[PDB]
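Trainee: structural data only, the sequence is not supplied:
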Ligand code: HEM
């Protein structure tokens, strides 16, 4: 389900994300690399990266564009903490390309985990962060399941 955050939790989320907000592309590049390295089956899902060694594509514009667009969405979600309709709309608008493709919940959840590891949060910030990410994926998965109209 979608669960609203408390004032303190909203603050904790913004603070948790702050370091990444301040270097969005640089964090994105490292996280997306660690993701494709630890979970290599996913590289094939990106036609622009498919068929090349990870180390051959990691420094390319294609790779950074993909990494950057993922983190821009999460950045825009954090900006919309406290605005449920705005938060849900950000996700709804990015869900379409994913409805269409052979990508498992495992793949999304593995990405979520690499993101979490890279943030090195204490358990207070982590709990607030996970509430937001649980909300993100509730909306995202509702949209993948063809119930996005409520959010669009
Ligand atoms: C859960 C976090 C992710 C976010 C925030 C996200 C965000 C984005 C955005 C913003 C787009 C482009 C939408 C547009 O063109 O208007 C996109 C496209 C796409 N995404 Fe994601 N994505 C996520 C996860 C994934 C995962 C885990 C994979 C695969 C393993 C994936 C595969 C794709 C592919 C294949 C496309 C179409 C573009 C392409 O051909 O490269 N995404 N995503």
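Mentor: Looks like it arrived, so ask away. Residues are numbered from 1 along each chain as shown.
Trainee: C-alpha from now on. contacts and neighbour counts both.
Mentor: Fine.
Trainee: centre of the chain to stretch 12-25, how far?
Mentor: Averaging C-alpha positions (CA atoms, centre = their mean, to the nearest Å) puts stretch 12-25 13 Å from its chain's average.
Trainee: biggest helix in this protein by residues?
Mentor: helix 123-144 (DSSP state H).
Trainee: mind listing residues that contact the helix or strand hosting residue 87?
Mentor: Residue 87 belongs to helix 84-99 when assigned by DSSP states H and E. Contacts to helix 84-99, defined as CA atoms under 8 Å, 6 or more residues apart in numbering, come from residues 4, 73, 76-78, 80-81, 136, 139-140, 143-145, 148, 151-152.
Trainee: now stretch 9-23
Mentor: Contacts of stretch 9-23 (CA under 8 Å, 6+ apart): 27, 75, 78-79, 81-82, 119, 121, 124-126, 128-129, 132.
Trainee: quick check on residue 53: phi, psi?
Mentor: phi -60, psi 140 (degrees, to the nearest 10).
Trainee: quick check: residue 131 touching residue 6?
Mentor: No: using CA atoms under 8 Å, residue 131 is not in contact with residue 6, being 10.3 Å away.
Trainee: ramachandran angles for the residue in the chain positioned nearest to the ligand?
Mentor: Proximity of the chain to the ligand (CA to the nearest ligand atom) peaks at residue 70, 3.8 Å away. Residue 70 adopts backbone torsions of phi -60, psi -50, taken as degrees, to the nearest 10.
Trainee: apart from its neighbours in sequence, what residue is nearest it?
Mentor: Excluding the flanking residues, the one nearest residue 70 by CA to CA, 6 or more residues apart in numbering is residue 28, at 7.7 Å.
Trainee: what's the one you found in contact with, if anything?
Mentor: Residues near residue 28 by CA under 8 Å, 6+ apart: 64, 67-68, 70-71.
Trainee: just the ones of those in helices?
Mentor: 64, 67-68, 70-71.
Trainee: before we move on, back to that, is the longest helix of the chain anywhere near the ligand?
Mentor: No: judged by CA under 6 Å from any ligand atom, helix 123-144 stays clear of the ligand, getting no closer than 7.7 Å.
Trainee: which elements pack onto that helix?
Mentor: When contacts are defined as 3 or more CA pairs under 8 Å, 6 or more residues apart in numbering; DSSP states H and E, helix 123-144 sits against helix 7-21, helix 84-99.
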